[PDB]
């Protein structure tokens, strides 16, 4: 009979378990025997308090480095403002020690936990790459609660070294099974930011995780976009509870908040899942998340049923992670087929955008070729366009099965005249659909202004396989 943790703050970790069902169903995974033993998670952040009384027992120097000062020790830099507390808070969510009379517990409270000190300084492309590519045959899961500015006017993503680190990680990392990169989808809700304008969350190589409040609502800071894959609980209003974790200076906090708290909880659940089947590939893990995540009682006005019967929202992806379902489904999972990539150049000539532009194209998805895809994973619309005020644009993509993905919603603060330069807008919402057939791209001016521009390139990039489908939900 499984005995739940006795830690003093465990009863306040409402998101881990409860009679109420507003939780991540983590105790169910613990009771199946999965607590994270043998899995290694690294927090890419501003450092980790490696001697914290609730982290020391799980701390792994092999999962750690200090990229900012070029040494092995990721200890945070202590200041009066406690600026560098952020990574320690994230680490305790994953792997705070259980049953030791201190604070609460991590989701994967027997996993090994490290940190890369890389945010406390100028975060260059090289800094990111050295962090994302740290010890990739030892670290299984990387958690990143950071990214480009959430001002609602930035379009930015990994530069060359960081993108090379992503491809090296998913291709050769973890013994060729692929590093697992977990990303917080963003805090730009108040600025009406879109997480598709963030190349880290928008990457197919990251599991981008959004947030829900305790009462099941879209938090004020949440960013909506089609690249988000799933959701974990985090903070909301001041009547809703927050996240309990390890704090700087060997303290315990019950007020960890924002998108920053959601990615580590997902990383911990993924750690439990990897313990249940260490042979899972980076793509396997995304399939598991898609199949097991739960929309129920998450409130959003944009819930839609996709072509294979799954509910999907731009605020939540496929819904809340469900640790018990993840670990159960993982145990007998059959490895997915190798990933195929079908490139379809859509345009035969540039197209003036004007007030509204619709581009329709019927595709065969590489029929007859070795990269034929009948079972979609990620899809990208790689767009090159000029426009006089970028944030007035709304962009939608409709799949042959009728699933309408918002690639870009209006961003009131984005005044840029720089347009999009082969920007790979990504959607998860057509996962497992057959991509053969008519795709529709819609670009529209959401303002009354007389805006102007031209779409010069639209590449539809399909990823997926040609085997192994489930009967639709």
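Positions refer to the first chain, counted from 1.
Mean CA B-factor, 113-121 versus 349-357: the higher value falls on 349-357. Higher mean CA B-factor, judged across 387-395 and 195-203 from the recorded values: 387-395. The maximum CA B-factor among the listed residues 140, 382, 249, 130, taken from the PDB record, is found at 249. Comparing C-alpha B-factors across 340, 168, 77, 287 in the deposited entry, the largest value falls on 77.
Among the modelled residues of the chain, residue 51 sits in the highest third by CA temperature factor in this PDB entry. For residue 426, the recorded CA B-factor ranks within the lowest third of the chain. Only modelled residues enter the ranking. Among all modelled residues in its chain, residue 104 ranks in the highest third by Cα B-factor. Per-chain ranking of the deposited C-alpha B factor places residue 278 in the highest third. In this PDB entry, the Cα temperature factor of residue 95 sits in the middle third of its chain's modelled residues.
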